[PDB]
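Let me begin by presenting the structure, written as structure tokens, before commenting on it.
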Amino acid sequence: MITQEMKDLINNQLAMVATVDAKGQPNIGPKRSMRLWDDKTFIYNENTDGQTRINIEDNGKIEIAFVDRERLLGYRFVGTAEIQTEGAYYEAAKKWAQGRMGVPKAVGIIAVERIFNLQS
Amino acid sequence: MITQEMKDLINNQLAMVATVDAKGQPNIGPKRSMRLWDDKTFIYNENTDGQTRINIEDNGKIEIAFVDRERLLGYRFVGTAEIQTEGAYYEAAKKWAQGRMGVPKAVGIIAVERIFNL
């Protein structure tokens with residue numbers, strides 16, 4: 001689903017994560033740790049315990065954008081997300097953080113449902 | 001209000017614009033023409049019939065982010081937005097576009113309400 005073309009662009013750019021709270025206010029947060037779990041799933045390490053984690057638990061709806069500013073090319077990923085603090089996803093994230101950053105407060109997981117580029 | 005370092009990021013970084021549709025699905029996309037109209041207001045040139053435009057028209061809810069990857073610094077601007085296709089803001093947008101881009105289809109105006117650090 002997520003192609004090699006998408007992966008290369010992803011690997012270079014900063015993930016910008018958009019969510020929405022209970023009152024319908026959008027939130028944007030960069031997530032440096034965002035990465036592919038497999039070719040249909042994103043995973044990131046939740047280090048901040050901020051509005052992104054709240055919104056994900058609140059309603060799960062999410063979009064992630066990556067923009068290549070050298071050509072204004074990019075990809076956007078619409079999916080459903082959840083936050084977990086124990087279990088396989090969390091343990092993988094905990095393993096991944098060793099050497100890179102601190103122990104994750106939680107892990108965020110995003111199941112990709114639709115993929116757009118920057119057009120329209 | 002809007003500090004000089006905020007203006008540095010606004011003028012040098014790419015505006016990432018988050019909105020939401022009637023069903024609660026967030027949307028996000030870049031707007032190269034996003035700029036300070038004054039110390040309390042953003043405006044940008046709407047060149048599309050895209051989802052960002054539709055969402056602002058629907059409910060006016062918005063957040064704009066700017067990120068300097070180089071210094072790991074950023075700002076989030078919370079506000080309420082509207083789309084206009086005629087009038088003073090639109091005329092100003094149309095004038096600004098001359099020598100920069102095509103004639104705008106519309107203008108987006110955002111009243112800033114709160115500012116956050118990243």
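Just so it is clear: chains get the letters A, B, ... in the order the sequence lines come, proteins before strands, and each one is counted from 1.
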Query raised in the report: Would A:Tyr89 and A:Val103 show up in the same hydrophobic cluster when neighbours are defined by side-chain heavy atoms closer than 4.5 Å?
Result: yes

Query raised in the report: Hey, quick one: are B:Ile43 and B:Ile83 part of the same hydrophobic cluster, counting side-chain heavy atoms closer than 4.5 Å, chains of contacts allowed?
Result: no

Query raised in the report: What parts of residues 105-118 of chain B touch chain A if we use heavy atoms and a cut-off under 4.5 Å?
Result: B:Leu118

Query raised in the report: When only heavy atoms count and the cut-off is under 4.5 Å, which of residues 60-76 of chain B reach chain A?
Result: B:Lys61, B:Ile62, B:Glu63, B:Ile64, B:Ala65, B:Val67, B:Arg69, B:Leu72, B:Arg76

Query raised in the report: Do B:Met1 and B:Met6 sit in the same hydrophobic cluster, where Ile, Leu, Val, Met, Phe, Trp and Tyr count as joined when their side-chain heavy atoms come under 4.5 Å apart?
Result: yes

Query raised in the report: Any residues in residues 16-42 of chain B near chain A, with a heavy-atom distance under 4.5 Å, and which are they?
Result: B:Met16, B:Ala18, B:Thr19, B:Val20, B:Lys23, B:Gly24, B:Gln25, B:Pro26, B:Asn27, B:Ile28, B:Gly29, B:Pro30, B:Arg32

Query raised in the report: Just wondering, are more than 12 heavy atoms of other shown residues or ligands nearer than 6.0 Å to NZ in A:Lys94?
Result: no

Report summary line: By salt bridge (charged side-chain N to carboxylate O under 4.0 Å, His left out), B:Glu57 pairs with (sequence neighbours left out) B:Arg53

